[PDB]
């Protein structure tokens, strides 16, 4: 199975081809997903 | 948010219950007391 | 180059050497160049 | 976490399976979103047979369904008793299954909606074992007095004339049960009488029960009953007053929630990842296995 570095490399190569409008939408979606994941992990593992 | 914490936790209400789909005849006889 | 940040990596001038060969599959810096210039690897080498 | 750089953190997060909205594979999400911007539906991928054939179908297709590779490892896992006690350690870590049994805690944990949780809790009656195995049935039961889920082990024990029949018991509520039974031999009953042991008659059926018919009864068994290793005594009484009596004991035990919570976790995460209704997924799972697996 592809290791995370392979995935991150593919993500970067694929992202380099996008335009400003599509990059803006991609970054907004990524930020929302990252926020959900980080909030859940913080609740489980960092919250006192 | 000020009104939100005043209301507090919305109560959970399970849809699965002890209510047995009773017959109208039987529900009426049961509720006929007093 | 630096915005938006790519995989939490900050791009700046350095003494390291970056490959512009299209078939070389360069590091994240080549991806930064491609994203900044909005071009693919083959056209990047052609521009070089 | 003792992690300094961003990509090490996102690598950690890509596999942090014990938390309620991880594992979160960021590079995979970026790739999927880029693909669904650049070629919605992979029309160009599928229009090129060579490229589509360099991939497996299940790999390109599993990028539509938003199943990350660690989520794929979660959903593939062979949950069974004898590993559920440590796959709970893998998939939930330190939260006690008694706390996570409460619907409010679990809804907060998965960040679910109330109506979203309600249909999973209906499906919970399916989440158990679907049939008796080794004379055991292990099943959740919702205590509707507070909505909490309780797992019961029912252990069958044929006591009397087991050559007459098979008999099976399936709870659905507090002291509320379905009893199923299926005869092996024919006796021309004037009626069929079924009792708790030979004592409290829970149901009676007139006429002769036939061979190879699964009859059923929505019996009740109460706390002072089910605390015992009680018998259930069935009795085909013939017009002569002769009978084909037969019976089995059914021990009822309360049981750990591990194998329940792991299946509910698979169901919630699959429904959320594929944005498909739980009813749809339940209608899909039955077309592979008669066990919801």
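Residue numbers (the deposited numbering), protein chains in the order written: chain P, 909 to 956; chain Z, 1884 to 1917; chain L, 519 to 566; chain G, 177 to 469.
Heads up, the beta-carbon is just placed ideally off N, CA and C, and yes, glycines get one too.
CB contact below 7 Å: residue 272 (chain G) versus chain P: Mapped onto the fourth chain, residue 272 (chain G) falls at position 96. For residue 272 (chain G), the answer is no, since every Cβ of chain P falls outside 7 Å of its Cβ.
Whole runs of the alpha helix (DSSP H) within the segment 351-412 of chain G, excluding any shorter than 4 residues: 399-402
Residue 314 (chain G), enclosing beta strand (DSSP E) - first and last residue: Reading the fourth chain from its first residue, position 138 is the one you call residue 314 (chain G). Taken as a continuous stretch (DSSP letters only), the beta strand (DSSP E) holding residue 314 (chain G) covers 312-319.
Anticipated Cβ contact below 8 Å, residue 213 (chain G) with residue 926 (chain P), distance rounded: If you number the fourth chain from 1, residue 213 (chain G) lands on position 37. If you number the first chain from 1, residue 926 (chain P) lands on position 18. 7 Å between Cβ atoms; contact.
Cβ-Cβ distance between residue 183 (chain G) and residue 949 (chain P) below 7 Å: Position 7 of the fourth chain holds residue 183 (chain G). Position 41 of the first chain holds residue 949 (chain P). Not in contact: residue 183 (chain G) and residue 949 (chain P) (Cβ atoms no closer than 7 Å).
Whole-angstrom distance between residue 308 (chain G) and residue 385 (chain G), CA atom to CA atom: For the purposes of this step, residue 385 (chain G) is taken as residue 209 along the fourth chain, with counting starting at 1. For the purposes of this step, residue 308 (chain G) is taken as residue 132 along the fourth chain, with counting starting at 1. Using only the alpha carbons, I get a separation of about 22 Å.
Chain L within 7 Å of residue 431 (chain G), Cβ atoms only: As a first step, residue 431 (chain G) is located in the fourth chain; it is residue number 255 there, counting from the start. So no, residue 431 (chain G) is outside the interface.
Any non-hydrogen atom of the ligand SAH within 6 Å of residue 299 (chain G) CB: The ligand SAH is absent from the structure shown, which contains no ligands of any kind.
Residue 425 (chain G), enclosing beta strand (DSSP E) - first and last residue: Taking the fourth chain and counting its residues from 1, one reaches residue 425 (chain G) at position 249. Unbroken beta strand (DSSP E) run through residue 425 (chain G): 419-431.
Chain G contact residues for residue 940 (chain P), given Cβ-Cβ distances below 9 Å: On the first chain, position 32 is the one that residue 940 (chain P) refers to. Neighbours of residue 940 (chain P) on chain G: none; closest Cβ ~10 Å, over 9 Å.
Sufficient close CB pairs (3 or more, under 8 Å) joining the segment 291-305 of chain G to the segment 314-325 of chain G: yes
Cβ distance (whole Å) where residue 277 (chain G) is taken to contact residue 324 (chain G) below 8 Å: Your numbering for residue 277 (chain G) matches position 101 in the fourth chain. Your numbering for residue 324 (chain G) matches position 148 in the fourth chain. Confirmed, about 6 Å.
Below-7 Å beta-carbon distance, residue 924 (chain P) vs any chain L residue: Locating residue 924 (chain P) in the first chain gives position 16, counting from the first residue. Yes, residue 924 (chain P) lies at the interface with chain L (some Cβ there is under 7 Å from its Cβ).
Coarse secondary structure for residue 528 (chain L), derived from DSSP in three states: Reading the third chain from its first residue, position 10 is the one you call residue 528 (chain L). Three-state result, residue 528 (chain L): coil.
Chain P contact for residue 549 (chain L) (CB, 7 Å cutoff): Residue mapping note: residue 549 (chain L) aligns to position 31 of the third chain, counting from 1. Interface residue, yes.
Within 7 Å, strictly: CB atoms of residue 234 (chain G) and residue 335 (chain G): Residue 234 (chain G) sits at position 58 when you count from the first residue of the fourth chain. Residue 335 (chain G) sits at position 159 when you count from the first residue of the fourth chain. Cβ atoms of residue 234 (chain G) and residue 335 (chain G): not closer than 7 Å.
Length of the line joining the Cα atoms of residue 388 (chain G) and residue 360 (chain G): As a position in the fourth chain, residue 388 (chain G) is number 212, starting the count at 1. As a position in the fourth chain, residue 360 (chain G) is number 184, starting the count at 1. Near 6 Å, if we compare the C-alpha coordinates of residue 360 (chain G) and residue 388 (chain G).
Distance, residue 332 (chain G) Cα to residue 1884 (chain Z) Cα: Here the question's residue 1884 (chain Z) lines up with position 1 in the second chain. Here the question's residue 332 (chain G) lines up with position 156 in the fourth chain. Their backbone Cα atoms lie some 54 Å apart in a straight line.
Euclidean distance between Cα positions of residue 270 (chain G) and residue 952 (chain P): The count along the fourth chain starts at 1 and reaches residue 270 (chain G) at position 94. The count along the first chain starts at 1 and reaches residue 952 (chain P) at position 44. Computed Cα separation, rounded: 10 Å.
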